[PDB]
Amino acid sequence: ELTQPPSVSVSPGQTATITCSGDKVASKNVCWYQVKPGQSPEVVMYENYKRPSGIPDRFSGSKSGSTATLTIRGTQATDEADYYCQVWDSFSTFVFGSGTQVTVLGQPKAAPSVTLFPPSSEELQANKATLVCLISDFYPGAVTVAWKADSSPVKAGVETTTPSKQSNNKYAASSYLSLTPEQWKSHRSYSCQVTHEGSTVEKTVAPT
Amino acid sequence: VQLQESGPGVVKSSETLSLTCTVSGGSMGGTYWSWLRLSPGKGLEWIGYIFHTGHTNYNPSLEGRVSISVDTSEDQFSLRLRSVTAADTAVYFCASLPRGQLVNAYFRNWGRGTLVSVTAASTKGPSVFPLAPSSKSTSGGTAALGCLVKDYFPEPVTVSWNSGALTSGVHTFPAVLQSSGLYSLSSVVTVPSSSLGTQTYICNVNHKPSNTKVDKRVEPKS
């Protein structure tokens, strides 16, 4: 896989560097695509450093290596997009990056408010358990939710949403953890963990 | 040269997705006509491509689950993805590849992008659970009590509070398409925690698709 920094945020003046740093990375050729919602994706760099037709000079970058970098100087607002890197593979033909979300404020960063609800007794009487993590009032709209049973991470029964713009011009998102009542009652605590920017908020509920 | 795709908005689980993609402002030859998709949890990925001769190249990760058809007559190329699961929920694009050496190559002339969701086929009534008041809420005041509308299909669901007499402090979160194939949203209101025990709070959920109306009373725990 070709790993990339999940989110990159930048003030309208400064510059932004994005890394594709996988395994092959990729013995020479790398390409970058810009993706905006409901819009057709498009190339912004190929081979390593070549800028296609209609690309302002601020876009740039190349391999170290083994790691390609896309660098955007004097970052404009219309450059807010999800960027993906891509290489050719002998077997898989095409291998893409993990994607990076370049947000470009915008407005001052807002820290997320996390609100965790334990399963209702009613739901437990319906032989269902669901932990509700409500994240709100955060900017930019790129977070990372992780669930913990006691201390062990949890990957099963997790369903998180895509952050939505609010009326506050801020973002909100929810994450749900599904459990059997037996699971819920057998562990000592569950925890919703929300990483926004460099900071994390870990709420925790317990069966009582 | 443009590119515009189409297909169903929704696909029932474990069936067979079927899309098509129409080219305009040119001809078919000289380019590998490709299918791709994009979704978080899998990122962007190349599904496959076809040449106007009928010859294909698929993604191994998929493969034996994918079939790409073609038509030179009417400038189109079709995708067929059987045995569909929750992971296949994505934004599907069709694109173009300059026929030649493929290391240097990249996709151009992308389409707008259709959007396929893997669902549960049948109309389902929502289960409405109360979310008992807690605190970490917007100061105090002040508590946040809610309603979990779990396992319904399809959208939309309407959650009002105390029959609409309550508008200030209401946050209804967007739904979640689950591996189940069923949606699920939460609606929380923030109220003065002095008003608990005395003031009554009821969330009014409407799911017209199933003609269901649940008025759930949210009591404090004890």
# chains A, B, ... in the order shown; residues from 1 in each chain; ligands from 1
$ interface_residues --of "chain A" --to "chain B" --cutoff "9 Å" --atoms "only C-alpha atoms" --output "MDAnalysis selection string"
chainID A and resid 29:33 38:43 46:47 84 86:89 91:99 113:123 132 134 157:162 164 172:176
$ select_by_dssp --residues "region 23-141 of chain A" --states "alpha helix (DSSP H)" --output "number ranges by chain"
A: 121-125
$ write_last_selection --atoms "N, CA and C atoms" --output "short mmCIF file (atom, residue, chain, number, x, y, z; two decimals), in the first residue's frame"
data_model
loop_
_atom_site.label_atom_id
_atom_site.label_comp_id
_atom_site.auth_asym_id
_atom_site.auth_seq_id
_atom_site.Cartn_x
_atom_site.Cartn_y
_atom_site.Cartn_z
N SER A 121 -31.64 0.77 28.38
CA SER A 121 -32.15 -0.47 28.96
C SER A 121 -33.15 -1.11 28.01
N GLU A 122 -33.93 -0.27 27.33
CA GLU A 122 -34.93 -0.73 26.37
C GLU A 122 -34.29 -1.52 25.24
N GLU A 123 -33.21 -0.98 24.69
CA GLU A 123 -32.49 -1.64 23.61
C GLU A 123 -31.92 -2.97 24.08
N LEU A 124 -31.48 -3.00 25.34
CA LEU A 124 -30.94 -4.21 25.95
C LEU A 124 -32.05 -5.24 26.18
N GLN A 125 -33.28 -4.76 26.30
CA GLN A 125 -34.43 -5.65 26.41
C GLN A 125 -34.84 -6.17 25.04
#
$ residues_around --residues "residue 44 (chain A)" --least-positions-apart "4" --cutoff "10 Å" --atoms "only C-alpha atoms" --output "PyMOL selection string"
chain A and resi 31-34+49-56+59-60+70+83
$ select_by_dssp --residues "region 23-163 of chain A" --states "strand (DSSP E)" --output "PyMOL selection string"
chain A and resi 31-35+42-45+59-60+68-72+81-89+93-96+100-102+113-117+129-138+143-149+152-154+158-160
$ residues_around --residues "residue 73 (chain A)" --least-positions-apart "5" --cutoff "7 Å" --atoms "only C-alpha atoms" --output "ChimeraX atom specification"
/A:14-16,58-59
$ atom_distance --atom1 "CA of residue 16 (chain B)" --atom2 "CA of residue 80 (chain B)"
6.6 Å
$ residues_around --residues "residue 149 (chain A)" --least-positions-apart "2" --cutoff "12 Å" --atoms "only C-alpha atoms" --output "PyMOL selection string"
chain A and resi 131+146-147+151-156+177-179+183-193+204-207
$ write_last_selection --atoms "N, CA, C and O atoms" --output "mmCIF file, in the first residue's frame"
data_model
loop_
_atom_site.group_PDB
_atom_site.id
_atom_site.type_symbol
_atom_site.label_atom_id
_atom_site.label_comp_id
_atom_site.auth_asym_id
_atom_site.auth_seq_id
_atom_site.Cartn_x
_atom_site.Cartn_y
_atom_site.Cartn_z
ATOM 1 N N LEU A 131 -23.638 1.715 21.287
ATOM 2 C CA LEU A 131 -23.013 2.866 21.910
ATOM 3 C C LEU A 131 -22.952 3.993 20.898
ATOM 4 O O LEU A 131 -22.491 3.798 19.768
ATOM 5 N N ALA A 146 -11.967 5.844 17.008
ATOM 6 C CA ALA A 146 -11.458 4.537 17.395
ATOM 7 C C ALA A 146 -12.200 4.082 18.642
ATOM 8 O O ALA A 146 -12.419 4.869 19.560
ATOM 9 N N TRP A 147 -12.595 2.816 18.673
ATOM 10 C CA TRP A 147 -13.332 2.295 19.815
ATOM 11 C C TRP A 147 -12.468 1.370 20.657
ATOM 12 O O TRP A 147 -11.614 0.655 20.132
ATOM 13 N N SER A 151 -9.338 -1.918 27.157
ATOM 14 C CA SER A 151 -8.148 -1.291 26.594
ATOM 15 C C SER A 151 -7.923 -1.744 25.153
ATOM 16 O O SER A 151 -7.319 -1.029 24.351
ATOM 17 N N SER A 152 -8.424 -2.933 24.828
ATOM 18 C CA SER A 152 -8.260 -3.504 23.493
ATOM 19 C C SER A 152 -9.031 -2.695 22.459
ATOM 20 O O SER A 152 -10.175 -2.326 22.696
ATOM 21 N N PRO A 153 -8.405 -2.413 21.305
ATOM 22 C CA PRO A 153 -9.122 -1.740 20.214
ATOM 23 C C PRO A 153 -10.295 -2.577 19.705
ATOM 24 O O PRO A 153 -10.363 -3.770 19.993
ATOM 25 N N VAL A 154 -11.205 -1.953 18.961
ATOM 26 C CA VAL A 154 -12.367 -2.650 18.412
ATOM 27 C C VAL A 154 -12.577 -2.245 16.956
ATOM 28 O O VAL A 154 -12.576 -1.058 16.633
ATOM 29 N N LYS A 155 -12.753 -3.230 16.080
ATOM 30 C CA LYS A 155 -12.956 -2.959 14.660
ATOM 31 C C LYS A 155 -14.309 -3.476 14.175
ATOM 32 O O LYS A 155 -14.815 -3.044 13.136
ATOM 33 N N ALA A 156 -14.894 -4.394 14.937
ATOM 34 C CA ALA A 156 -16.133 -5.054 14.530
ATOM 35 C C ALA A 156 -17.385 -4.364 15.065
ATOM 36 O O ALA A 156 -17.466 -4.022 16.246
ATOM 37 N N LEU A 177 -21.326 1.937 17.811
ATOM 38 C CA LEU A 177 -20.718 0.634 18.069
ATOM 39 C C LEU A 177 -21.790 -0.378 18.439
ATOM 40 O O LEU A 177 -22.498 -0.207 19.431
ATOM 41 N N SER A 178 -21.908 -1.433 17.638
ATOM 42 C CA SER A 178 -22.909 -2.466 17.887
ATOM 43 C C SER A 178 -22.349 -3.612 18.722
ATOM 44 O O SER A 178 -21.251 -4.106 18.470
ATOM 45 N N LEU A 179 -23.120 -4.019 19.723
ATOM 46 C CA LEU A 179 -22.740 -5.081 20.638
ATOM 47 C C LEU A 179 -23.934 -5.967 20.950
ATOM 48 O O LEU A 179 -25.090 -5.540 20.850
ATOM 49 N N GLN A 183 -21.735 -8.938 25.487
ATOM 50 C CA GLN A 183 -20.485 -8.206 25.282
ATOM 51 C C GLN A 183 -20.451 -6.939 26.133
ATOM 52 O O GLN A 183 -19.494 -6.703 26.876
ATOM 53 N N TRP A 184 -21.501 -6.131 26.010
ATOM 54 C CA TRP A 184 -21.620 -4.886 26.758
ATOM 55 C C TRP A 184 -21.458 -5.091 28.261
ATOM 56 O O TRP A 184 -20.673 -4.395 28.899
ATOM 57 N N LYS A 185 -22.175 -6.065 28.810
ATOM 58 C CA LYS A 185 -22.166 -6.325 30.249
ATOM 59 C C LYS A 185 -20.911 -7.047 30.754
ATOM 60 O O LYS A 185 -20.552 -6.920 31.925
ATOM 61 N N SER A 186 -20.253 -7.804 29.879
ATOM 62 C CA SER A 186 -19.099 -8.610 30.281
ATOM 63 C C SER A 186 -17.814 -7.796 30.428
ATOM 64 O O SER A 186 -16.997 -8.077 31.304
ATOM 65 N N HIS A 187 -17.630 -6.795 29.572
ATOM 66 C CA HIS A 187 -16.478 -5.906 29.698
ATOM 67 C C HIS A 187 -16.700 -4.896 30.816
ATOM 68 O O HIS A 187 -17.818 -4.749 31.311
ATOM 69 N N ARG A 188 -15.640 -4.204 31.218
ATOM 70 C CA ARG A 188 -15.749 -3.233 32.300
ATOM 71 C C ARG A 188 -16.067 -1.843 31.763
ATOM 72 O O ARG A 188 -16.836 -1.102 32.368
ATOM 73 N N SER A 189 -15.476 -1.491 30.625
ATOM 74 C CA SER A 189 -15.730 -0.185 30.017
ATOM 75 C C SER A 189 -15.522 -0.154 28.510
ATOM 76 O O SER A 189 -14.703 -0.887 27.955
ATOM 77 N N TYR A 190 -16.288 0.704 27.852
ATOM 78 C CA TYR A 190 -16.074 0.969 26.443
ATOM 79 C C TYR A 190 -15.756 2.443 26.280
ATOM 80 O O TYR A 190 -16.152 3.267 27.106
ATOM 81 N N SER A 191 -15.028 2.776 25.225
ATOM 82 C CA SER A 191 -14.545 4.132 25.058
ATOM 83 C C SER A 191 -14.566 4.571 23.609
ATOM 84 O O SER A 191 -14.051 3.879 22.722
ATOM 85 N N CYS A 192 -15.183 5.725 23.383
ATOM 86 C CA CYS A 192 -15.124 6.382 22.093
ATOM 87 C C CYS A 192 -13.945 7.338 22.111
ATOM 88 O O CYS A 192 -13.822 8.171 23.011
ATOM 89 N N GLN A 193 -13.074 7.206 21.117
ATOM 90 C CA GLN A 193 -11.851 7.990 21.048
ATOM 91 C C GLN A 193 -11.816 8.782 19.747
ATOM 92 O O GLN A 193 -11.817 8.207 18.661
ATOM 93 N N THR A 204 -15.790 7.674 27.828
ATOM 94 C CA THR A 204 -15.881 6.295 28.289
ATOM 95 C C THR A 204 -17.187 6.058 29.044
ATOM 96 O O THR A 204 -17.573 6.861 29.893
ATOM 97 N N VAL A 205 -17.871 4.966 28.716
ATOM 98 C CA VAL A 205 -19.047 4.546 29.469
ATOM 99 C C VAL A 205 -18.847 3.143 30.027
ATOM 100 O O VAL A 205 -18.020 2.365 29.530
ATOM 101 N N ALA A 206 -19.622 2.835 31.058
ATOM 102 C CA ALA A 206 -19.517 1.571 31.761
ATOM 103 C C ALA A 206 -20.911 1.033 32.068
ATOM 104 O O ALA A 206 -21.846 1.803 32.280
ATOM 105 N N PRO A 207 -21.057 -0.297 32.076
ATOM 106 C CA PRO A 207 -22.341 -0.908 32.431
ATOM 107 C C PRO A 207 -22.632 -0.742 33.918
ATOM 108 O O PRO A 207 -21.758 -0.997 34.748
#
